[PDB]
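Okay, so we've got the same protein chain twice, two forms, each given alone as structure tokens, structure 1 and structure 2.
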Structure 1
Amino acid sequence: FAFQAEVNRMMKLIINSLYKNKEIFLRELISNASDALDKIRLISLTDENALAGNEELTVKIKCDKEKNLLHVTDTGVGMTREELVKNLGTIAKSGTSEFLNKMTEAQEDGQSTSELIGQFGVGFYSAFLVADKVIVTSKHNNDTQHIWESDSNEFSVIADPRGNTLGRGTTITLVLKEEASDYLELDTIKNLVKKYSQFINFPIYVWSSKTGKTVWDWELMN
């Protein structure tokens, strides 16, 4: 079944080329972190134990130029295993069969090419504009911490062997594409975060340097 996948994975390397300002991926991840935070914040106004697993309400972004990773972590509501599998699984599972089905449905639905290419730039799936692989670690008050992985073709999920390390919340880890290396640059990340966090009701930080040796810590962006 290697051929069909060759067409599939290729069909994307081409569509990903239509996006000039792929930076929007960060905007979508911020937005989701914001939603998750609003959900648990809202719940806490009715349930005094809701924040027990982790009292802070923040979004924290960090770059790992060595591993070529970008981490976006929020202490929002988090997702249960079922949620990772259905809310992310079906969303990011556009393999050989899924990809084709959406196209035929799009073919008969009348869904123009525009509406199609546009789907690549909105929501969680927009992460794939700059990443070959997305790893999602999440902990929701109603379940144990789990890990979900996908390369936009398939997805897998297993209980985090490390246990509850998030307290509550979600970390989005992006294994960046060679050409998306700019998103590993501190100056690039700070500017964008500052750009897309103007309307979040929560503090957004970026792990940064501050000079007396050079030390690193969370720098508030909004």
Structure 2
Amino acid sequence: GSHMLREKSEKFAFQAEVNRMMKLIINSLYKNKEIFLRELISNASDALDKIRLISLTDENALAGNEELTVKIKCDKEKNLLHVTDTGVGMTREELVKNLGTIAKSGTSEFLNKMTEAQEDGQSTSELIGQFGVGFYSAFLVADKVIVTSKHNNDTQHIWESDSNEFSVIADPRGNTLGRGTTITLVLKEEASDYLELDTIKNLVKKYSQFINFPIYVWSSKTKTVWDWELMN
């Protein structure tokens, strides 16, 4: 089965509106980059509310993973930041549509709302959250953004992009998440500070204060043992 790889059927271009939105976010929040974490944690919380709602009516909802958490891991050696939730997850089709295109039926209005909020010197920090496009703020600190996800209705898939295009492939590691999503950031050289535990704990603790689900950060304590530390 070499049809898929040889035909590049795993490669996609972003919808024009998304390209424009990514640029708007990056040029508006250039001064407050740390907000990407708040947006990822917020998306995580939302994904967990969704599976929680589904579990109300679907008895098999939490079979792939019994917990409802958000776990963060800093891999300094690999220069990677991971944010994992055991939320509803996304199917292969959802990864392409939810991350590659924009809807909300208020795109143009928000498109003019973002620019106007950045030509008259305003804040776009609260706007991106409102329109549900916080995910893209990840590019403020990452050269590469990777999304591994497992939804009950599909097999585990990986989405990856450097903002100039994106690809979606079946995860060769198989089903490792159970259910949920991991956002993996390959940090820009200048964003290395986010590989520091103290910086992440302070930020996470700062943005986890109003999150109803438990958020942990893989951290070290004193020999030197590692384990999940509750932040909220």
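Residue 1 is the first residue of structure 1, and the numbers go on in sequence order from there. Rigid core: the largest C-alpha set superposing within 1.5 Å between the two forms.
With the core held fixed, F128 shows a CA shift below 2 Å between structure 1 and structure 2. The Cα shift for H71 between structure 1 and structure 2, taken after rigid core superposition, is smaller than 2 angstroms. If you fit the rigid core between structure 1 and structure 2, you'll see the Cα of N87 move by less than 2 angstroms. Shown is the Cα shift of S97 between structure 1 and structure 2 after rigid core superposition, which amounts to 17.5 Å. Once the rigid core is matched between structure 1 and structure 2, the CA atom of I200 is found 1.2 Å away.
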